[PDB]
$ cat final17.cif   # mmCIF, C-alpha atoms and all ligand atoms; chains and numbers go by the auth columns
data_query
#
loop_
_atom_site.group_PDB
_atom_site.id
_atom_site.type_symbol
_atom_site.label_atom_id
_atom_site.label_comp_id
_atom_site.label_asym_id
_atom_site.label_seq_id
_atom_site.Cartn_x
_atom_site.Cartn_y
_atom_site.Cartn_z
_atom_site.B_iso_or_equiv
_atom_site.auth_seq_id
_atom_site.auth_asym_id
ATOM 1 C CA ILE A 1 -34.628 2.815 37.740 0.00 1 A
ATOM 2 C CA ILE A 2 -31.829 4.998 36.360 0.00 2 A
ATOM 3 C CA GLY A 3 -31.007 8.137 38.325 0.00 3 A
ATOM 4 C CA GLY A 4 -33.811 7.403 40.767 0.00 4 A
ATOM 5 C CA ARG A 5 -33.717 7.246 44.567 0.00 5 A
ATOM 6 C CA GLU A 6 -34.670 4.443 46.959 0.00 6 A
ATOM 7 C CA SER A 7 -38.346 4.511 47.917 0.00 7 A
ATOM 8 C CA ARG A 8 -39.404 4.759 51.558 0.00 8 A
ATOM 9 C CA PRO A 9 -39.823 1.126 52.697 0.00 9 A
ATOM 10 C CA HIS A 10 -43.384 0.041 51.863 0.00 10 A
ATOM 11 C CA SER A 11 -44.343 3.529 50.684 0.00 11 A
ATOM 12 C CA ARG A 12 -45.753 1.816 47.596 0.00 12 A
ATOM 13 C CA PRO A 13 -47.819 -1.212 48.738 0.00 13 A
ATOM 14 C CA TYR A 14 -49.420 -1.782 45.329 0.00 14 A
ATOM 15 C CA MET A 15 -45.896 -2.413 44.024 0.00 15 A
ATOM 16 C CA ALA A 16 -45.669 -6.086 43.047 0.00 16 A
ATOM 17 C CA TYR A 17 -42.517 -8.092 42.319 0.00 17 A
ATOM 18 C CA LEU A 18 -42.654 -10.460 39.350 0.00 18 A
ATOM 19 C CA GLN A 19 -40.445 -13.548 39.215 0.00 19 A
ATOM 20 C CA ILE A 20 -40.763 -15.015 35.718 0.00 20 A
ATOM 21 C CA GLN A 21 -37.755 -17.103 36.749 0.00 21 A
ATOM 22 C CA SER A 22 -39.291 -20.511 36.033 0.00 22 A
ATOM 23 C CA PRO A 23 -41.552 -20.908 32.973 0.00 23 A
ATOM 24 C CA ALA A 24 -40.013 -18.234 30.776 0.00 24 A
ATOM 25 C CA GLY A 25 -36.401 -17.381 31.483 0.00 25 A
ATOM 26 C CA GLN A 26 -35.434 -15.799 34.798 0.00 26 A
ATOM 27 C CA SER A 27 -35.693 -12.004 34.722 0.00 27 A
ATOM 28 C CA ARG A 28 -37.550 -10.038 37.391 0.00 28 A
ATOM 29 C CA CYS A 29 -40.450 -7.805 36.366 0.00 29 A
ATOM 30 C CA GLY A 30 -42.611 -5.027 37.762 0.00 30 A
ATOM 31 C CA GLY A 31 -46.339 -4.847 38.391 0.00 31 A
ATOM 32 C CA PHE A 32 -48.976 -3.200 40.571 0.00 32 A
ATOM 33 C CA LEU A 33 -51.983 -4.397 42.568 0.00 33 A
ATOM 34 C CA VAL A 34 -55.130 -3.136 40.844 0.00 34 A
ATOM 35 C CA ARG A 35 -57.489 -5.373 42.811 0.00 35 A
ATOM 36 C CA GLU A 36 -57.526 -7.829 45.720 0.00 36 A
ATOM 37 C CA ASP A 37 -56.703 -10.801 43.498 0.00 37 A
ATOM 38 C CA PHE A 38 -55.362 -9.027 40.420 0.00 38 A
ATOM 39 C CA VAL A 39 -52.018 -7.528 39.428 0.00 39 A
ATOM 40 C CA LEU A 40 -51.317 -5.481 36.307 0.00 40 A
ATOM 41 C CA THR A 41 -48.030 -5.908 34.447 0.00 41 A
ATOM 42 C CA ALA A 42 -46.699 -5.767 30.883 0.00 42 A
ATOM 43 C CA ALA A 43 -47.913 -8.516 28.547 0.00 43 A
ATOM 44 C CA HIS A 44 -44.284 -9.422 27.866 0.00 44 A
ATOM 45 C CA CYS A 45 -43.409 -10.278 31.472 0.00 45 A
ATOM 46 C CA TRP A 46 -45.351 -13.491 30.840 0.00 46 A
ATOM 47 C CA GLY A 47 -44.351 -16.927 32.042 0.00 47 A
ATOM 48 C CA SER A 48 -45.962 -20.335 32.570 0.00 48 A
ATOM 49 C CA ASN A 49 -45.391 -19.940 36.331 0.00 49 A
ATOM 50 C CA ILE A 50 -45.074 -16.475 37.864 0.00 50 A
ATOM 51 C CA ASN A 51 -44.509 -15.896 41.574 0.00 51 A
ATOM 52 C CA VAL A 52 -45.756 -12.479 42.681 0.00 52 A
ATOM 53 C CA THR A 53 -44.743 -10.922 45.997 0.00 53 A
ATOM 54 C CA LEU A 54 -46.572 -8.009 47.612 0.00 54 A
ATOM 55 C CA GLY A 55 -45.612 -5.849 50.577 0.00 55 A
ATOM 56 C CA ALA A 56 -41.885 -5.743 49.910 0.00 56 A
ATOM 57 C CA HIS A 57 -38.936 -3.372 49.588 0.00 57 A
ATOM 58 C CA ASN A 58 -35.835 -5.568 49.570 0.00 58 A
ATOM 59 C CA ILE A 59 -36.672 -8.749 47.655 0.00 59 A
ATOM 60 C CA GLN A 60 -33.259 -10.161 48.554 0.00 60 A
ATOM 61 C CA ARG A 61 -34.440 -10.431 52.155 0.00 61 A
ATOM 62 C CA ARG A 62 -37.261 -12.402 53.768 0.00 62 A
ATOM 63 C CA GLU A 63 -39.427 -9.581 55.126 0.00 63 A
ATOM 64 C CA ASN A 64 -42.287 -10.649 57.391 0.00 64 A
ATOM 65 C CA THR A 65 -44.368 -8.002 55.613 0.00 65 A
ATOM 66 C CA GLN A 66 -43.744 -9.713 52.275 0.00 66 A
ATOM 67 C CA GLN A 67 -46.572 -11.676 50.662 0.00 67 A
ATOM 68 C CA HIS A 68 -45.498 -14.502 48.356 0.00 68 A
ATOM 69 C CA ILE A 69 -48.587 -15.281 46.268 0.00 69 A
ATOM 70 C CA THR A 70 -48.215 -17.261 43.031 0.00 70 A
ATOM 71 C CA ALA A 71 -49.995 -16.275 39.806 0.00 71 A
ATOM 72 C CA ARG A 72 -53.010 -18.527 39.302 0.00 72 A
ATOM 73 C CA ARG A 73 -53.553 -17.109 35.814 0.00 73 A
ATOM 74 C CA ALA A 74 -51.332 -14.891 33.667 0.00 74 A
ATOM 75 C CA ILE A 75 -53.556 -13.449 30.949 0.00 75 A
ATOM 76 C CA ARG A 76 -52.048 -11.658 27.946 0.00 76 A
ATOM 77 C CA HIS A 77 -53.779 -9.080 25.757 0.00 77 A
ATOM 78 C CA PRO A 78 -55.712 -10.735 22.876 0.00 78 A
ATOM 79 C CA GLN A 79 -53.941 -8.400 20.439 0.00 79 A
ATOM 80 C CA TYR A 80 -50.492 -8.165 22.031 0.00 80 A
ATOM 81 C CA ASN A 81 -48.155 -7.755 19.057 0.00 81 A
ATOM 82 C CA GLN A 82 -44.632 -9.062 19.647 0.00 82 A
ATOM 83 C CA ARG A 83 -43.158 -7.296 16.615 0.00 83 A
ATOM 84 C CA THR A 84 -44.744 -3.852 17.030 0.00 84 A
ATOM 85 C CA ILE A 85 -45.076 -4.369 20.778 0.00 85 A
ATOM 86 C CA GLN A 86 -48.650 -3.069 20.824 0.00 86 A
ATOM 87 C CA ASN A 87 -51.204 -3.948 23.503 0.00 87 A
ATOM 88 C CA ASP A 88 -48.405 -4.713 25.960 0.00 88 A
ATOM 89 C CA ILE A 89 -50.604 -5.316 28.999 0.00 89 A
ATOM 90 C CA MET A 90 -51.206 -8.412 31.117 0.00 90 A
ATOM 91 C CA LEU A 91 -53.210 -9.196 34.242 0.00 91 A
ATOM 92 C CA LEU A 92 -52.181 -11.703 36.900 0.00 92 A
ATOM 93 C CA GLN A 93 -54.951 -13.334 38.926 0.00 93 A
ATOM 94 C CA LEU A 94 -53.268 -14.381 42.171 0.00 94 A
ATOM 95 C CA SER A 95 -53.969 -17.873 43.502 0.00 95 A
ATOM 96 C CA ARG A 96 -55.477 -16.113 46.518 0.00 96 A
ATOM 97 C CA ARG A 97 -56.742 -12.751 47.788 0.00 97 A
ATOM 98 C CA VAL A 98 -53.965 -10.546 49.161 0.00 98 A
ATOM 99 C CA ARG A 99 -54.332 -9.539 52.800 0.00 99 A
ATOM 100 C CA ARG A 100 -54.890 -5.800 52.412 0.00 100 A
ATOM 101 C CA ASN A 101 -52.782 -3.896 54.933 0.00 101 A
ATOM 102 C CA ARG A 102 -50.627 -0.789 55.365 0.00 102 A
ATOM 103 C CA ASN A 103 -47.994 -2.660 53.353 0.00 103 A
ATOM 104 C CA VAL A 104 -50.293 -4.128 50.700 0.00 104 A
ATOM 105 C CA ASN A 105 -53.226 -2.369 49.040 0.00 105 A
ATOM 106 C CA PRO A 106 -54.449 -1.855 45.428 0.00 106 A
ATOM 107 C CA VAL A 107 -53.838 1.370 43.512 0.00 107 A
ATOM 108 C CA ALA A 108 -56.495 3.565 41.895 0.00 108 A
ATOM 109 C CA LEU A 109 -56.686 3.180 38.119 0.00 109 A
ATOM 110 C CA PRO A 110 -57.496 6.034 35.699 0.00 110 A
ATOM 111 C CA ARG A 111 -60.805 6.515 33.889 0.00 111 A
ATOM 112 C CA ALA A 112 -61.490 5.424 30.312 0.00 112 A
ATOM 113 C CA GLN A 113 -59.943 7.680 27.664 0.00 113 A
ATOM 114 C CA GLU A 114 -58.305 9.586 30.532 0.00 114 A
ATOM 115 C CA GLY A 115 -55.511 11.439 28.753 0.00 115 A
ATOM 116 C CA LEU A 116 -52.207 12.685 30.135 0.00 116 A
ATOM 117 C CA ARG A 117 -51.066 15.948 28.563 0.00 117 A
ATOM 118 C CA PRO A 118 -47.286 16.490 28.256 0.00 118 A
ATOM 119 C CA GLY A 119 -45.536 18.417 30.999 0.00 119 A
ATOM 120 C CA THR A 120 -47.162 16.283 33.674 0.00 120 A
ATOM 121 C CA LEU A 121 -44.999 15.034 36.536 0.00 121 A
ATOM 122 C CA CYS A 122 -45.306 11.294 37.119 0.00 122 A
ATOM 123 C CA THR A 123 -43.425 8.831 39.309 0.00 123 A
ATOM 124 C CA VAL A 124 -42.292 5.345 38.313 0.00 124 A
ATOM 125 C CA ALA A 125 -41.068 2.714 40.767 0.00 125 A
ATOM 126 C CA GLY A 126 -39.531 -0.737 40.579 0.00 126 A
ATOM 127 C CA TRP A 127 -36.552 -2.923 41.449 0.00 127 A
ATOM 128 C CA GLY A 128 -35.124 -2.498 37.955 0.00 128 A
ATOM 129 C CA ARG A 129 -31.451 -1.970 37.128 0.00 129 A
ATOM 130 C CA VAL A 130 -30.054 1.429 38.111 0.00 130 A
ATOM 131 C CA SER A 131 -27.462 0.916 35.379 0.00 131 A
ATOM 132 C CA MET A 132 -26.127 -1.611 32.872 0.00 132 A
ATOM 133 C CA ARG A 133 -23.359 -2.516 35.310 0.00 133 A
ATOM 134 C CA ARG A 134 -25.188 -2.668 38.643 0.00 134 A
ATOM 135 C CA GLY A 135 -28.673 -3.345 39.961 0.00 135 A
ATOM 136 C CA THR A 136 -30.629 -3.029 43.197 0.00 136 A
ATOM 137 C CA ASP A 137 -32.308 -5.263 45.779 0.00 137 A
ATOM 138 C CA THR A 138 -34.452 -2.474 47.225 0.00 138 A
ATOM 139 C CA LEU A 139 -37.311 -0.840 45.322 0.00 139 A
ATOM 140 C CA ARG A 140 -36.183 2.493 43.870 0.00 140 A
ATOM 141 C CA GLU A 141 -38.155 5.256 42.145 0.00 141 A
ATOM 142 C CA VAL A 142 -37.967 8.453 40.102 0.00 142 A
ATOM 143 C CA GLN A 143 -40.122 11.173 38.558 0.00 143 A
ATOM 144 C CA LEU A 144 -40.657 11.346 34.797 0.00 144 A
ATOM 145 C CA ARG A 145 -42.053 14.395 33.004 0.00 145 A
ATOM 146 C CA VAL A 146 -44.459 13.129 30.340 0.00 146 A
ATOM 147 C CA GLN A 147 -43.380 14.501 26.959 0.00 147 A
ATOM 148 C CA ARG A 148 -45.442 15.139 23.828 0.00 148 A
ATOM 149 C CA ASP A 149 -46.203 12.199 21.537 0.00 149 A
ATOM 150 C CA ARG A 150 -44.147 14.178 19.021 0.00 150 A
ATOM 151 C CA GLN A 151 -40.788 13.029 20.402 0.00 151 A
ATOM 152 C CA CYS A 152 -41.396 9.278 20.579 0.00 152 A
ATOM 153 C CA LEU A 153 -42.984 9.627 17.142 0.00 153 A
ATOM 154 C CA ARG A 154 -39.557 10.474 15.712 0.00 154 A
ATOM 155 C CA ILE A 155 -37.652 7.948 17.830 0.00 155 A
ATOM 156 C CA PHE A 156 -39.521 4.645 18.058 0.00 156 A
ATOM 157 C CA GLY A 157 -41.040 2.830 15.100 0.00 157 A
ATOM 158 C CA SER A 158 -44.345 1.349 16.235 0.00 158 A
ATOM 159 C CA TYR A 159 -45.552 4.024 18.656 0.00 159 A
ATOM 160 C CA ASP A 160 -49.302 4.524 19.074 0.00 160 A
ATOM 161 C CA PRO A 161 -50.291 7.722 20.930 0.00 161 A
ATOM 162 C CA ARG A 162 -53.664 6.047 21.484 0.00 162 A
ATOM 163 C CA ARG A 163 -52.453 3.081 23.526 0.00 163 A
ATOM 164 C CA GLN A 164 -48.893 4.149 24.313 0.00 164 A
ATOM 165 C CA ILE A 165 -47.425 7.113 26.188 0.00 165 A
ATOM 166 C CA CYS A 166 -44.264 9.157 25.615 0.00 166 A
ATOM 167 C CA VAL A 167 -42.573 9.675 28.986 0.00 167 A
ATOM 168 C CA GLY A 168 -39.102 10.691 30.126 0.00 168 A
ATOM 169 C CA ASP A 169 -37.041 13.808 29.438 0.00 169 A
ATOM 170 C CA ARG A 170 -33.968 13.234 27.266 0.00 170 A
ATOM 171 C CA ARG A 171 -32.257 16.164 28.995 0.00 171 A
ATOM 172 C CA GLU A 172 -32.226 13.991 32.116 0.00 172 A
ATOM 173 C CA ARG A 173 -30.264 10.763 32.569 0.00 173 A
ATOM 174 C CA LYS A 174 -33.136 9.310 34.601 0.00 174 A
ATOM 175 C CA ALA A 175 -35.881 6.889 33.541 0.00 175 A
ATOM 176 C CA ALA A 176 -37.194 3.328 33.826 0.00 176 A
ATOM 177 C CA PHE A 177 -34.892 0.586 32.548 0.00 177 A
ATOM 178 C CA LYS A 178 -34.148 -3.142 32.511 0.00 178 A
ATOM 179 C CA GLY A 179 -36.136 -4.777 35.296 0.00 179 A
ATOM 180 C CA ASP A 180 -38.763 -2.045 35.516 0.00 180 A
ATOM 181 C CA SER A 181 -40.957 -3.565 32.801 0.00 181 A
ATOM 182 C CA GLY A 182 -44.407 -3.783 34.352 0.00 182 A
ATOM 183 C CA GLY A 183 -43.989 -1.038 36.917 0.00 183 A
ATOM 184 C CA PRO A 184 -46.829 1.531 36.903 0.00 184 A
ATOM 185 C CA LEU A 185 -46.360 5.211 36.088 0.00 185 A
ATOM 186 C CA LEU A 186 -48.500 6.970 38.688 0.00 186 A
ATOM 187 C CA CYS A 187 -49.615 10.511 37.891 0.00 187 A
ATOM 188 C CA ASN A 188 -51.847 12.274 40.425 0.00 188 A
ATOM 189 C CA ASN A 189 -51.751 9.182 42.639 0.00 189 A
ATOM 190 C CA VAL A 190 -53.212 7.205 39.731 0.00 190 A
ATOM 191 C CA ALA A 191 -51.442 4.363 37.918 0.00 191 A
ATOM 192 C CA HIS A 192 -51.582 5.817 34.409 0.00 192 A
ATOM 193 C CA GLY A 193 -48.908 3.860 32.564 0.00 193 A
ATOM 194 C CA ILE A 194 -46.915 0.630 32.461 0.00 194 A
ATOM 195 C CA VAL A 195 -43.223 0.414 31.575 0.00 195 A
ATOM 196 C CA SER A 196 -43.236 -1.220 28.147 0.00 196 A
ATOM 197 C CA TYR A 197 -39.979 -0.666 26.265 0.00 197 A
ATOM 198 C CA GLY A 198 -37.436 1.983 25.307 0.00 198 A
ATOM 199 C CA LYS A 199 -33.942 2.668 23.978 0.00 199 A
ATOM 200 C CA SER A 200 -31.728 -0.225 25.085 0.00 200 A
ATOM 201 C CA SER A 201 -29.350 2.574 26.084 0.00 201 A
ATOM 202 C CA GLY A 202 -31.623 3.579 28.944 0.00 202 A
ATOM 203 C CA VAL A 203 -31.728 7.096 27.535 0.00 203 A
ATOM 204 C CA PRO A 204 -35.250 8.622 27.524 0.00 204 A
ATOM 205 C CA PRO A 205 -37.817 9.348 26.270 0.00 205 A
ATOM 206 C CA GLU A 206 -39.324 5.886 26.735 0.00 206 A
ATOM 207 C CA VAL A 207 -42.540 4.084 25.845 0.00 207 A
ATOM 208 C CA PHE A 208 -45.223 3.458 28.467 0.00 208 A
ATOM 209 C CA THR A 209 -48.486 1.519 28.164 0.00 209 A
ATOM 210 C CA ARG A 210 -51.636 3.654 28.312 0.00 210 A
ATOM 211 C CA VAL A 211 -53.838 1.874 30.858 0.00 211 A
ATOM 212 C CA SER A 212 -56.674 4.379 30.449 0.00 212 A
ATOM 213 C CA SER A 213 -57.219 2.841 27.009 0.00 213 A
ATOM 214 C CA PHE A 214 -57.305 -0.795 28.109 0.00 214 A
ATOM 215 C CA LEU A 215 -60.003 -0.219 30.712 0.00 215 A
ATOM 216 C CA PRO A 216 -62.827 -2.137 28.977 0.00 216 A
ATOM 217 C CA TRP A 217 -60.619 -5.207 28.695 0.00 217 A
ATOM 218 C CA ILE A 218 -59.225 -4.655 32.190 0.00 218 A
ATOM 219 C CA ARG A 219 -62.722 -4.691 33.693 0.00 219 A
ATOM 220 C CA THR A 220 -64.065 -7.442 31.436 0.00 220 A
ATOM 221 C CA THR A 221 -61.102 -9.669 32.299 0.00 221 A
ATOM 222 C CA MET A 222 -61.250 -9.098 36.061 0.00 222 A
ATOM 223 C CA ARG A 223 -65.042 -9.063 36.291 0.00 223 A
HETATM 224 O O1 LIG B . -35.416 -5.714 27.284 0.00 301 B
HETATM 225 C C1 LIG B . -36.202 -5.177 27.975 0.00 301 B
HETATM 226 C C2 LIG B . -35.816 -3.679 27.942 0.00 301 B
HETATM 227 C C3 LIG B . -34.702 -3.157 27.183 0.00 301 B
HETATM 228 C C4 LIG B . -34.377 -1.778 27.170 0.00 301 B
HETATM 229 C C5 LIG B . -35.156 -0.886 27.916 0.00 301 B
HETATM 230 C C6 LIG B . -34.858 0.482 27.920 0.00 301 B
HETATM 231 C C7 LIG B . -35.666 1.373 28.683 0.00 301 B
HETATM 232 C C8 LIG B . -36.777 0.879 29.447 0.00 301 B
HETATM 233 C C9 LIG B . -37.084 -0.499 29.444 0.00 301 B
HETATM 234 C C10 LIG B . -36.294 -1.390 28.694 0.00 301 B
HETATM 235 C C11 LIG B . -36.589 -2.764 28.685 0.00 301 B
HETATM 236 C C12 LIG B . -37.475 -6.099 28.792 0.00 301 B
HETATM 237 C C13 LIG B . -37.790 -7.442 28.038 0.00 301 B
HETATM 238 C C14 LIG B . -37.108 -8.643 28.353 0.00 301 B
HETATM 239 C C15 LIG B . -37.389 -9.864 27.681 0.00 301 B
HETATM 240 C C16 LIG B . -38.376 -9.922 26.655 0.00 301 B
HETATM 241 C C17 LIG B . -39.089 -8.762 26.291 0.00 301 B
HETATM 242 C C18 LIG B . -40.067 -8.825 25.271 0.00 301 B
HETATM 243 C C19 LIG B . -40.793 -7.642 24.896 0.00 301 B
HETATM 244 C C20 LIG B . -40.530 -6.399 25.555 0.00 301 B
HETATM 245 C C21 LIG B . -39.543 -6.326 26.591 0.00 301 B
HETATM 246 C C22 LIG B . -38.815 -7.484 26.975 0.00 301 B
HETATM 247 P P1 LIG B . -37.564 -6.574 30.630 0.00 301 B
HETATM 248 O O2 LIG B . -36.456 -7.673 31.034 0.00 301 B
HETATM 249 O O3 LIG B . -39.013 -7.156 31.001 0.00 301 B
HETATM 250 O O4 LIG B . -37.325 -5.457 31.570 0.00 301 B
#
$ encode --input "final17.cif" --output "structure tokens" --more "lines below"
Ligand SMILES: O=C(c1ccc2ccccc2c1)[C@@H](c1cccc2ccccc12)P(=O)(O)O
Amino acid sequence: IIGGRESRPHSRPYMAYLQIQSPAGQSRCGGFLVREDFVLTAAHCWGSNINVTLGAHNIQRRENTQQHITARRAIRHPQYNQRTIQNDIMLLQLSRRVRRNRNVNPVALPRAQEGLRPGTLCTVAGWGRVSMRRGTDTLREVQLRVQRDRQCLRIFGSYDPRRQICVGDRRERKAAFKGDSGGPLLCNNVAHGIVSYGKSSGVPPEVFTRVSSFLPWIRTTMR
């Protein structure tokens, strides 16, 4: 999270910490609790052995509130393109049901086809890198004004306004970055997007996954 500020310890229970460090490289990832035994994260944060941890703030410290539940099944989107980076969404069925508490509890998802007009004020969180020189052990966050699909349409190559979202204001040196991939973009207390990709420079706008479009699959997969 570039330009963001540290979140109030456990202010975001649904915030999950991905640890792909085992079956596919070793680079932390974001994710949010959508259900009791399901976590939503980018389809690229995949691994053959992911260890999710709920109810945390500082991953570099053994918090008694922390919940270390391994991923029993990391499902990727049937049409997740690796070249165009489309359908970048993945669900993680924990090996057990999280113990819902003030520190751990699912987040409300948006409705099908639920749009997100530009000018909206969203908030993204995650333990991602604050910069390309330093990182962070404690979950940080920042607000991102959703911009029109016009911008990202003249920046990124494979950008679909139907399944992707154009977030982040270029005029501001603040936005999701390396390590935030998977973190949800909550707008109106509703996880609307998922940090997909962006300019390797960390300079916004950036691309976010439109969850409201992958509802059918989301439900079908969990159900
Ligand atoms: O390289 C990445 C990257 C780079 C620049 C960024 C700029 C702004 C916002 C996010 C950005 C993310 C990701 C990443 C790592 C490793 C493999 C990936 C495969 C597909 C998509 C992302 C992947 P990440 O390590 O999962 O975080």
$ resolve_selection --input "final17.cif" --expression "the PyMOL selection byres (((not hetatm)) within 8 of (chain B and resi 301))" --output "number ranges by chain"
A: 27-30, 42, 44-45, 82, 85, 128, 175-182, 195-204, 206-207
$ closest_residue --input "final17.cif" --among "A:98, A:129, A:32, A:209" --to "residue 80 (chain A)" --atoms "all atoms listed in the file"
A:209
$ resolve_selection --input "final17.cif" --expression "the PyMOL selection byres (((chain A and resi 112-124) around 10) and not hetatm)" --output "PyMOL selection string"
chain A and resi 1+4+109-111+125-126+140-149+162-163+165-169+175-176+180+183-195+210-216
$ resolve_selection --input "final17.cif" --expression "the PyMOL selection byres (((chain A and resi 52) around 12) and not hetatm)" --output "PyMOL selection string"
chain A and resi 14-21+28-33+37-41+45-47+49-51+53-56+59+66-74+91-96+98
$ atom_distance --input "final17.cif" --atom1 "CA of residue 170 (chain A)" --atom2 "CA of residue 205 (chain A)"
5.6 Å
$ atom_distance --input "final17.cif" --atom1 "CA of residue 103 (chain A)" --atom2 "CA of residue 9 (chain A)"
9.0 Å
$ build_atoms --input "final17.cif" --residues "region 45-58 of chain A" --atoms "N, CA, C and O atoms" --output "PDB file, in the coordinates of the input"
ATOM      1  N   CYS A  45     -44.018  -9.733  30.261  1.00  0.00           N
ATOM      2  CA  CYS A  45     -43.409 -10.278  31.472  1.00  0.00           C
ATOM      3  C   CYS A  45     -44.077 -11.616  31.767  1.00  0.00           C
ATOM      4  O   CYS A  45     -44.074 -12.087  32.905  1.00  0.00           O
ATOM      5  N   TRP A  46     -44.648 -12.219  30.726  1.00  0.00           N
ATOM      6  CA  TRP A  46     -45.351 -13.491  30.840  1.00  0.00           C
ATOM      7  C   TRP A  46     -44.453 -14.695  31.080  1.00  0.00           C
ATOM      8  O   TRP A  46     -43.285 -14.722  30.692  1.00  0.00           O
ATOM      9  N   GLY A  47     -45.038 -15.691  31.731  1.00  0.00           N
ATOM     10  CA  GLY A  47     -44.351 -16.927  32.042  1.00  0.00           C
ATOM     11  C   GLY A  47     -45.422 -17.971  32.289  1.00  0.00           C
ATOM     12  O   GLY A  47     -46.599 -17.633  32.432  1.00  0.00           O
ATOM     13  N   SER A  48     -45.029 -19.238  32.324  1.00  0.00           N
ATOM     14  CA  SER A  48     -45.962 -20.335  32.570  1.00  0.00           C
ATOM     15  C   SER A  48     -46.031 -20.646  34.071  1.00  0.00           C
ATOM     16  O   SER A  48     -46.618 -21.647  34.484  1.00  0.00           O
ATOM     17  N   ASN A  49     -45.427 -19.775  34.877  1.00  0.00           N
ATOM     18  CA  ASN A  49     -45.391 -19.940  36.331  1.00  0.00           C
ATOM     19  C   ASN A  49     -44.753 -18.711  36.967  1.00  0.00           C
ATOM     20  O   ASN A  49     -43.541 -18.672  37.191  1.00  0.00           O
ATOM     21  N   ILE A  50     -45.571 -17.705  37.258  1.00  0.00           N
ATOM     22  CA  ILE A  50     -45.074 -16.475  37.864  1.00  0.00           C
ATOM     23  C   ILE A  50     -45.362 -16.418  39.363  1.00  0.00           C
ATOM     24  O   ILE A  50     -46.465 -16.734  39.814  1.00  0.00           O
ATOM     25  N   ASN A  51     -44.360 -16.008  40.132  1.00  0.00           N
ATOM     26  CA  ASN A  51     -44.509 -15.896  41.574  1.00  0.00           C
ATOM     27  C   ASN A  51     -44.472 -14.428  41.983  1.00  0.00           C
ATOM     28  O   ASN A  51     -43.406 -13.812  42.031  1.00  0.00           O
ATOM     29  N   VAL A  52     -45.645 -13.874  42.272  1.00  0.00           N
ATOM     30  CA  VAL A  52     -45.756 -12.479  42.681  1.00  0.00           C
ATOM     31  C   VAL A  52     -45.528 -12.333  44.182  1.00  0.00           C
ATOM     32  O   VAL A  52     -45.812 -13.248  44.955  1.00  0.00           O
ATOM     33  N   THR A  53     -45.009 -11.180  44.589  1.00  0.00           N
ATOM     34  CA  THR A  53     -44.743 -10.922  45.997  1.00  0.00           C
ATOM     35  C   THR A  53     -45.101  -9.486  46.351  1.00  0.00           C
ATOM     36  O   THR A  53     -44.469  -8.544  45.874  1.00  0.00           O
ATOM     37  N   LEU A  54     -46.116  -9.329  47.194  1.00  0.00           N
ATOM     38  CA  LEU A  54     -46.572  -8.009  47.612  1.00  0.00           C
ATOM     39  C   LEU A  54     -46.037  -7.625  48.989  1.00  0.00           C
ATOM     40  O   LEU A  54     -45.588  -8.480  49.754  1.00  0.00           O
ATOM     41  N   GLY A  55     -46.093  -6.333  49.296  1.00  0.00           N
ATOM     42  CA  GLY A  55     -45.612  -5.849  50.577  1.00  0.00           C
ATOM     43  C   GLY A  55     -44.129  -6.096  50.754  1.00  0.00           C
ATOM     44  O   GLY A  55     -43.711  -6.759  51.702  1.00  0.00           O
ATOM     45  N   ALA A  56     -43.327  -5.560  49.840  1.00  0.00           N
ATOM     46  CA  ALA A  56     -41.885  -5.743  49.910  1.00  0.00           C
ATOM     47  C   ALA A  56     -41.116  -4.486  49.534  1.00  0.00           C
ATOM     48  O   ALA A  56     -41.665  -3.550  48.952  1.00  0.00           O
ATOM     49  N   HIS A  57     -39.832  -4.481  49.880  1.00  0.00           N
ATOM     50  CA  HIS A  57     -38.936  -3.372  49.588  1.00  0.00           C
ATOM     51  C   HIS A  57     -37.631  -3.982  49.090  1.00  0.00           C
ATOM     52  O   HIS A  57     -37.150  -3.660  48.003  1.00  0.00           O
ATOM     53  N   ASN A  58     -37.073  -4.875  49.900  1.00  0.00           N
ATOM     54  CA  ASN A  58     -35.835  -5.568  49.570  1.00  0.00           C
ATOM     55  C   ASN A  58     -36.177  -7.031  49.312  1.00  0.00           C
ATOM     56  O   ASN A  58     -36.302  -7.821  50.248  1.00  0.00           O
TER      57      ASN A  58
END
